Amino acid sequence: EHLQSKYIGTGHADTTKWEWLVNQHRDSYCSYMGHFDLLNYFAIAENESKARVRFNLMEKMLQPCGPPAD
Amino acid sequence: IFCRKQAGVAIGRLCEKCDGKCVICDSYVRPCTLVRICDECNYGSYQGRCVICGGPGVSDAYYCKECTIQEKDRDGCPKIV
Amino acid sequence: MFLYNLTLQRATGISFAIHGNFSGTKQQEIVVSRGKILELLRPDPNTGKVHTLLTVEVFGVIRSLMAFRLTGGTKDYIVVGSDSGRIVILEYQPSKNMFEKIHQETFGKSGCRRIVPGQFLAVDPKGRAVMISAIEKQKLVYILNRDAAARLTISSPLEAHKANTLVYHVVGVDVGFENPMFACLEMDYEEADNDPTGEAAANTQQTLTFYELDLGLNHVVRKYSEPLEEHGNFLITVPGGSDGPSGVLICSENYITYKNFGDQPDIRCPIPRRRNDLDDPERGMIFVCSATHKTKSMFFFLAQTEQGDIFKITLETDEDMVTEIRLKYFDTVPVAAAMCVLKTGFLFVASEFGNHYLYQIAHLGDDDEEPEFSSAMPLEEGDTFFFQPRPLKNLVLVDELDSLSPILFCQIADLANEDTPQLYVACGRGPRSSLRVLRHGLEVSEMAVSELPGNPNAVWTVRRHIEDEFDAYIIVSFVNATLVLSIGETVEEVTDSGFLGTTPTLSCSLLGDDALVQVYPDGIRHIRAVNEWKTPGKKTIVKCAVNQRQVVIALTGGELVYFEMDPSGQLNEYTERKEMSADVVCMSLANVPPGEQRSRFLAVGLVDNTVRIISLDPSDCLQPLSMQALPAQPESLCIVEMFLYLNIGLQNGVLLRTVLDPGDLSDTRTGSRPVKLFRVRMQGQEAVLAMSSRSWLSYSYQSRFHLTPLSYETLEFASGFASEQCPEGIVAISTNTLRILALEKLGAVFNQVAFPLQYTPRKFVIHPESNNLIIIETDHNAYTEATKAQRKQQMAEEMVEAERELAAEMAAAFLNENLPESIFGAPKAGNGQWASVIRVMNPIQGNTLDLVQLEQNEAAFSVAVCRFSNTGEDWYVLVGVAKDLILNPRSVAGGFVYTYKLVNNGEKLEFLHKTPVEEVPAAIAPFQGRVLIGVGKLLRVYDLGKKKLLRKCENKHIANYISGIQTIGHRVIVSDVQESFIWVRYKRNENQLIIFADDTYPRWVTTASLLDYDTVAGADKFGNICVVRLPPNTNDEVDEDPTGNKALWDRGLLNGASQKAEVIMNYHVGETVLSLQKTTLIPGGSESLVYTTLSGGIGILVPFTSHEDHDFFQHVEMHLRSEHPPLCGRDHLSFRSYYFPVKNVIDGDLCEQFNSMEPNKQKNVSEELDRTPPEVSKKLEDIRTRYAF
Ligand SMILES: [Zn+2]
Ligand SMILES: [Zn+2]
Ligand SMILES: [Zn+2]
């Protein structure tokens, strides 16, 4: 329905692999930023500061899957 | 159609005929969450309008339990327009 | 499988901290988020120690906190941003010790959503407006106003949404009393999404945008927006108006920049690097967090780098224009999630991981032995300021909050031959890693120990005057004598001051303001600042019970004699002596209230195996009030206030608490030893010390009781102590020994002993015979010590081959310069660089017995201790290693399994051979005298061999990477990284590993535990636990076809196996679990499933034994979900149903909030449960004590 367009990350019958995966990756990084324990896990696994893990995730939000298909 | 502007401090109201119905589903079972409406829908003449039909509101509008669970309290100002 | 969840140890990790006058008083508190919990801390500016005032489970994910104050107000509010999607404002109510929800405004759906606000919270400094912002697009501003009554008022949200915009941080700008402004670091991503080349992504710049709220017109305007030179990670609000020049510091990669709107130029200062830094030169540097200190005539910021180094930052101003940023190196401390500078001159450092610190600020960083860097200094690009890291100069450590975050591995075992299992916990990250041993109990500090002749049986501590802040005498009763010691400067034996006598003593108390009273079997001696009372006839005094103004004695044949002191000072014996049904074995008399002149109730225990309450008021003096039968003969009694409670310790090990307000009671077995009861002073309140086989302490904490044992040996007698040497201690005598002890650190319910580790511990295994731990420690971005030394050697040679006489000295100095990694940080090697060790450690005291160091870029991920069938008794340690693992994007140069022969009673690793494998050997599990190793998606059985491991069997049908391997009989349970649980059978004769069942859900499994032959408890990366069971008549006797038919014609279900596991339990813990173990935590308690977490929480899941428990706690949880809903606006059922619907678990963390509700709600909820509130409280205590401590 039309009103679903109020909400970013919804799709439609001509949604591509790239559009759909870019929303999955952006939603994932936002989830990692919110869930303090999931952010703990990545900081320990990388041996990196929670502040740099958050920054690296924010940098990944721009182009999370590489450029659009063509 | 529903208004779906961001809701504010104003409480939604219901006329006697529509009293106790849920604005979203029109059920009368288990009112749980107070309806909140946008300022524009509650201004001047619009103030005190029944959420469902726009009549003088004798009681506070309430979203039902089933709607509250589905987070349908959260979609925005459920003033029918 | 119905289950009750209880937290044992609340999470200790901190993610946010804010400071303020939350009480509305001169002193400052700190509110800390622990993710799932909101907690209020008071640092005492006198004692230094930090006291937890209040802890609340908020059953939600806290994502932001701000303190704010309305203009003119005395008290700070907490505004909370959470996954709930509702903005919540709390006020701390000091009188009720609760957080009160002043507003709850709703704007979206729940969860940590991308476009729903909650992640970022910014408040105007004046408190006029609050902006809550989502990571992407949606930002909402709520105006704040004070009503006439002074109650807070929240305005309707004003939309400030910009599509395709990602927000990195938002802060309120201090504009004084001009219109509120917020500043956001934002990047627009629309062009990157529409550019096939990728140039747009590279050329997209972050902007700093100032959004102004025009208070008059009720609209938010995007008033200024400006591209930054480089990407900032966060903003700092600079003081404005009279206080400062306004504007906002952007912390960015390698830089800090000051910006303000209008005529203000950009001032930029590079972040000073460590001289001789061993870190990878490709690594930039960011500030990780900041604190601001605003003072009556000046301000400064503290900002901490990724290495833990704090810089003091000041801004020079000419007129209202900033002209330079000045950076002085301040001190180095562990890397912090948050810093708070308190007005009282303390810095609180909420550590990113591990223990948190309070430091006193000894100096404000206004030395000049160490240089101050500036944005005004000439420098090149790529060039940098350099400073020297050095020990703590401006900071002095004053308290340490011992914190388990992260718990990476856990084993519950007795490895000490104590009564009770200890928890062996692998903790911390990097060089602040530790193995910690947790015991249920309190840390004890031996203040003094002096051996006593003969066998002492009793001891008391008596003051000289009532106004004396400290005691004066310690009296010890032996078999035929009593001894008096004056606790002066030299705690020497005295004889003249005391009088007493040769005979044993039953009691010594300060009766008068300054009068002493001794009770001995042959009579009573009173010593004024001497009146002697002989025992009537041939009798003797059997028992006694003293008071500030009352003395009751029990003589042979059970004859009570009562003495009361008149205000003139002498004692007056009552004109009547009452006999009892039987002899008296123990008595207790409550202390007199400050206002009253005598206590009423007197507890008397009889050989009748009964206790009786007797009034002492002159109206009904020596009259029966209420009796009570006991399961055994009493040993001690003690009346205490918090309400009034009578504690009864029996001849057998049982102890009872009863409520004499009208009453009902609860009891527990401590047994093995007769329970004695003593009055002790703890935390300025009256607590009771019960002595049996162990010394347990019962004390009330916020109307919630605790019965924690002392980590100490058996004791025989004890009394409260207080001197200048020990302000609040206990004098205890054991067999032929006198001890002065103190209970300083509660350490919650679990005292900790910590043993340092070198890198992040991934796993350990107990070697079964000698009980030593084999620990594997592994870090990414790390140098092994060989590489760390070689890096140091080349840097010294390069420093000489850059004058040359001074260079040679500085190079020799640098080679000796060896600052500890635990303080200054382990030097960060590049991406894909690993350091790893295998440590053998004794669990009693953490001496390293052996330490194998692995090659650079070998990373140990798995370990096992086992015997092999071929070698019989000989023990082996197998360690699975990745070679050159890159995490992201993932790639690896294969792996190795190292084999060592455990020797010298499991104290030394004799290296045997190193066996290559194609991919990371991520799990190892001993199976039927052979080893099962999961290499990537391949499950393989390996025989020991002689020169290498031999692959007896392999299974290639696992869907993805294998994280863990559990075994039981011929069943193997494999944890896939994403595709959850696969059940495999080993066909012994046929030499095959066959998949026979799988789960019907994806789960990102972290850890697993076997509950029974058919049942697995699992945990996942998303803070869930589940229990999966094989349905009845699941068949493990399954084939795999030798031609190919069972991968062609015959097949499994839904693209998985043919048979499926049922999910019989689901529950969101709220936090990631890396350990699960089925175990009994207390001797002769019920068995439980214990879990541990990355925020340092420990909890249990315990089976309900019947519906009489289950359906009761089900109704309790239902009523508390509505009557006591989560603080930060979450629905509880929704929170426990985060990823999957909650199934067969009841939240005891919610049910135990019953005890913290106001009595109005306790009444109403208990009525809907057909019970009175004490019965509800007792049924909550009963289920905890049955399994948990
Ligand atoms: Zn409805
Ligand atoms: Zn509306
Ligand atoms: Zn109507």
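Lettering follows sequence order; numbering is per chain, from 1. Counting convention: from 1, in listed order, for ligands and their atoms alike.
Using cut-offs of 30° and 60° for the angle between ring planes, the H1119(C) and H1115(C) rings count as tilted. Using a 30° and 60° split on the angle between ring planes, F1104(C) and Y4(C) fall in the tilted class, from 30° to 60°.
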Item to complete: Just do the side chain to side chain contact (heavy atoms under 4.5 Å, CB included) check on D1149(C) and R1136(C) with the steps written out, would you?
Response: CA-CA 11 Å; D1149(C) 286 344; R1136(C) 297 308 189 177; 4.2 Å; yes
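Within the protein, the number of N, O or S atoms lying under 2.8 Å from the Zn ion (ligand 1) is 4.
In terms of the side chain to side chain donor-acceptor pair (under 3.5 Å) criterion, residue partners of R1130(C) (sequence neighbours excluded) are, by chain and number, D83(C), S110(C), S1134(C). In terms of the side-chain contact (heavy atoms from CB on, under 4.5 Å) criterion, residue partners of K1143(C) (sequence neighbours excluded) are, by chain and number, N1066(C).
Rounded to 10°, the angle formed at the Zn ion (ligand 3) by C50(B) SG and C15(B) SG is 110°.
No side-chain donor-acceptor contact under 3.5 Å links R69(C) to the backbone of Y77(C).
Here the two rings, on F1154(C) and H1124(C), have centers that are 6.0 Å apart or farther. A centroid separation of less than 6.0 Å is found between the aromatic rings of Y1139(C) and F1022(C).
Ion pair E40(B)/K5(B) flagged as a salt bridge, since at least one NZ, NE, NH1 or NH2 atom sits closer than 4.0 Å to an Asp/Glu carboxylate oxygen.
Tested against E186(C), the residues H169(C), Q206(C), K162(C), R222(C) include a single side-chain hydrogen bond (donor to acceptor under 3.5 Å, both in side chains) partner, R222(C).
Among protein atoms, those of element N, O or S found less than 2.8 Å away from the Zn ion (ligand 2) are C3(B) SG, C38(B) SG, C41(B) SG, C77(B) SG.
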